[PDB]
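Before any comments, here is the structure.
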Amino acid sequence: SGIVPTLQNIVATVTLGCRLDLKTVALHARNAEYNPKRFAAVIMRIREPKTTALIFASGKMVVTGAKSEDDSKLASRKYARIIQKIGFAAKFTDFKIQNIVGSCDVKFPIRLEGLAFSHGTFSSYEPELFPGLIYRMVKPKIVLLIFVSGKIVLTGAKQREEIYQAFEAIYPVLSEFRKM
DNA sequence: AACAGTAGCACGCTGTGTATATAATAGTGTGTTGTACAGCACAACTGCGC
């Protein structure tokens, strides 16, 4: 082994606590998009940490694109400050990470059909529909996308340890189904 | 007759469908409920006439 998964995307939610006028928000923000007809939220962005926020009239906000939990909270506080600077009585509350995505490379090809047959109740593999095997782990409850190349995607985690836990649990199985 | 330029065709590369999680919230679609409108031979009935 020796491989440890790399975090790729962190999704979080934040309650600003006050109602927002989206045209005002979009108008005053330096990096905003807002087309009511397409989606009901201002799509705001900041350069550091590089992230994207979906800002709603209710004052709720979704922050995505961060590569670390630190970066997620940091960028979230920053978006909240922007809203304040524009003039609303916003508050940075209820910061919570909802989804963590990770990925790695085991460095060997995998026999997906064998794995799907062996771990049938957790696996779903339809190569004509999507080339990767969808593995639904029980403990921890994580979803893994397994590819012939040996590249692995882990998602559905609320905490970093779950990403790490799942990979540790899957590695022996990937080894059992290697090609070379 | 030869050379240069322009147009057309073919090939290669980049971008967007499929799948995973996860939050946000008002809309859109579907289903259900309510209201309104549109071959014998003999056996029995029944029908007609006295």
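Ligands are numbered from 1 in the order shown, residues from 1 within each chain, and chains are lettered A, B, ... in the order they appear in the structure tokens.
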
Residues of chain A were defined as contacting chain B if any atom lay at most 6 Å from it, counting only C-alpha atoms (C1' of nucleotides); please report them as a ChimeraX atom specification. /A:13,62,98-99,130,155-156

Could you write those residues out with N, CA and C atoms, as an mmCIF file, in the first residue's frame?
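Output contents, as saved in again.cif:
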data_model
loop_
_atom_site.group_PDB
_atom_site.id
_atom_site.type_symbol
_atom_site.label_atom_id
_atom_site.label_comp_id
_atom_site.auth_asym_id
_atom_site.auth_seq_id
_atom_site.Cartn_x
_atom_site.Cartn_y
_atom_site.Cartn_z
ATOM 1 N N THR A 13 -22.514 24.010 3.860
ATOM 2 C CA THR A 13 -23.667 24.893 3.965
ATOM 3 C C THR A 13 -23.471 25.911 5.103
ATOM 4 N N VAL A 62 -24.687 27.786 -0.136
ATOM 5 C CA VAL A 62 -23.959 26.534 -0.364
ATOM 6 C C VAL A 62 -22.580 26.951 -0.879
ATOM 7 N N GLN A 98 -21.063 18.977 4.157
ATOM 8 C CA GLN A 98 -22.077 17.989 3.767
ATOM 9 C C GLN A 98 -21.577 16.846 2.899
ATOM 10 N N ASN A 99 -20.507 17.108 2.148
ATOM 11 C CA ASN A 99 -19.933 16.133 1.237
ATOM 12 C C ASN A 99 -18.434 16.390 1.004
ATOM 13 N N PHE A 130 -22.030 3.322 -17.993
ATOM 14 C CA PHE A 130 -20.987 4.110 -17.359
ATOM 15 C C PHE A 130 -19.849 3.075 -17.159
ATOM 16 N N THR A 155 -16.701 9.092 -2.372
ATOM 17 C CA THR A 155 -17.605 10.224 -2.119
ATOM 18 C C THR A 155 -18.731 9.867 -1.135
ATOM 19 N N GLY A 156 -19.415 10.902 -0.639
ATOM 20 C CA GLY A 156 -20.500 10.734 0.312
ATOM 21 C C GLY A 156 -20.050 10.879 1.761
#

Could you pull out all residues of stretch 42-170 of chain A with a DSSP call of helix (DSSP H, G or I) and give them as a PyMOL selection string? chain A and resi 69-86+112-118+160-170

Measuring atom to atom with only C-alpha atoms, identify which of A:57, A:177, A:91, A:158 is nearest to residue A:114.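 Of all the options, A:177 lies closest to residue A:114.
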
Residue list (strand (DSSP E or B), DSSP) for chain A, as a PyMOL selection string: chain A and resi 6-15+32-33+42-46+51-55+60-66+93-105+110+123-124+133-136+143-146+151-157+178

Which one of A:118, A:6, A:15, A:93 sits closest to residue A:173 if you count only C-alpha atoms?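 Using only C-alpha atoms, the shortest distance to residue A:173 belongs to A:118.
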
May I ask which of the residues A:32, A:25, A:61, A:138 is the closest one to residue A:95, counting only C-alpha atoms?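 For residue A:95, the nearest of the candidates is A:61.
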
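The protein and nucleic acid residues lying at most 7 Å from residue A:157 are residues 99, 100, 142, 162 and 163 of chain A, with only C-alpha atoms (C1' of nucleotides) considered and sequence neighbours fewer than 4 positions away removed.
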
Across A:160, A:139, A:85, A:179, the smallest distance to residue A:28, with only C-alpha atoms counted, is shown by A:85

Kindly indicate which residue among A:17, A:2, A:150, A:132 lies nearest to residue A:94, using only C-alpha atoms for the distances.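 Smallest distance to residue A:94 is found for A:17.
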
Coordinates-based distance that separates atom CA of residue A:49 from atom CA of residue A:153 (Å, one decimal):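 Calculated distance between atom CA of residue A:153 and atom CA of residue A:49 is 23.0 Å.
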
What's the separation between atom CA of residue A:22 and atom CA of residue A:10, in Å to one decimal place?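 Between these atoms lies a distance of 24.6 Å.
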
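From atom CA of residue A:20 back to atom CA of residue A:76, the distance works out to 16.5 Å.
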
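The smallest atom-to-atom distance between residue A:63 and any of A:133, A:36, A:82, A:97, using only C-alpha atoms, is found for A:97.
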